[PDB]
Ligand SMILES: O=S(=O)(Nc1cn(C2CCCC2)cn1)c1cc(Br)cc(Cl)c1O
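Take a look at this single chain, the form deposited without this ligand, given in structure tokens.
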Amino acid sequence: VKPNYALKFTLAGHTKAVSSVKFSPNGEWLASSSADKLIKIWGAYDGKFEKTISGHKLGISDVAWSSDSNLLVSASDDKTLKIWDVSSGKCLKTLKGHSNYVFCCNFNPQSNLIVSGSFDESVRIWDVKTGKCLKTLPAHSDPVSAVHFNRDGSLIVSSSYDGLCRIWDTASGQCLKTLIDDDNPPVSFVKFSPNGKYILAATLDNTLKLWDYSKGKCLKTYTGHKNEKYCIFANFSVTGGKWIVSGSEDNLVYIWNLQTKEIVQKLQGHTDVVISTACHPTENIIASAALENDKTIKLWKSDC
């Protein structure tokens, strides 16, 4: 069984590179962030432009949805995060305390906490309601490329250019596990699997790895794509066949069979590094987005 993703929509409007795209949990929307300092909201099924959200003073590297689809949080070169009400476009809170670019962000499933990672080598945990920083973890010795809560919120996984992935106890801020691998190439992305047992980690040696972090064992590797330079998002696709999905520096989207690790599809049509991909929560839809020479988002749809 292989998918047949085909291009259905191209979404123009960002005036610099996109940094990331995320589907809302309720499946209705796609949020995009860009170096052009803006967030844009689009119809997930027809690509219809919905609105522009502004207020960051410098470009944005990441954006994430709350579990009820009502809020966004963004991470910006201006050293802040911003919490936005999606329906009104208003900035509800500005999260201050990082001393360098904020690179990555995420809500916990409860949506009362935000986790962020920054060039300042720290991971910060923020209270959504008050906007205050609850914890600063001296998480890494280089920029923090990704941060993600597990399915029950008790754990955070972080990755860094220092070559490490770390698992943290949310409540205490304490490090539960450090995953090191080979010669510790920069770790450019990480997230938990949907069941919470694995982490998918990208490294800048053109490699994705599925880890049982619980035992410290690499279960799968996904290769054949180009990833040496940028922190490119990877995903679990679970609505049809079980795929791994990633952008690539050869301007393609790659799709691998999760179990066999074979490439099952390469999506062509972007004209620059596909910095970000997202998988729709209920339909076989991929959103992909690219850097400066392209600046567009594409929506692709498959029968399986």
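All residue numbers are counted from 1 along the displayed sequence.
The next section is about a form of this same protein that is not shown, the form solved in complex with this ligand.
Peer 1: Using a 2.4 Å cut-off to backbone and C-beta atoms, with three or more ligand atoms needed to call it blocked: open or blocked for this ligand placed in the entry with it bound and overlaid on this form?
Peer 2: After C-alpha superposition the pocket is open.
Peer 1: Would you check, heavy atoms only and a 4.5 Å threshold, whether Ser193 touches this ligand in the entry with it bound?
Peer 2: Yes - in the entry with it bound, heavy atoms of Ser193 and this ligand come within 4.5 Å of each other.
Peer 1: Is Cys175 close to this ligand in the entry with it bound, meaning a heavy atom pair under 4.5 Å apart or at it?
Peer 2: Flag for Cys175 set to no.
Peer 1: Although the partner isn't part of this model, could you tell me whether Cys91 comes within 4.5 Å of this ligand in the entry with it bound, counting any heavy atom of the residue?
Peer 2: No, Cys91 stays farther than 4.5 Å from this ligand in the entry with it bound.
Peer 1: Quick one: does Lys220 come within 4.5 Å of this ligand in the entry with it bound, counting heavy atoms only?
Peer 2: Yes, contact at 4.5 Å.
Peer 1: Could you spot which one of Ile167, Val128, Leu210, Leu71 gets a heavy atom to within 4.5 Å of this ligand in the entry with it bound?
Peer 2: Exactly one residue meets the criterion: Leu210.
Peer 1: Just one of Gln259, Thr271, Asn26, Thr52 has a heavy atom within 4.5 angstroms of this ligand in the entry with it bound, so which one?
Peer 2: The option sitting close enough to the partner is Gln259.
Peer 1: Any idea which of 107 to 115, 230 to 238, 167 to 175, 128 to 136 reaches within 4.5 Å of this ligand in the entry with it bound, heavy atoms considered?
Peer 2: It is 230 to 238 that comes within 4.5 Å of the partner.
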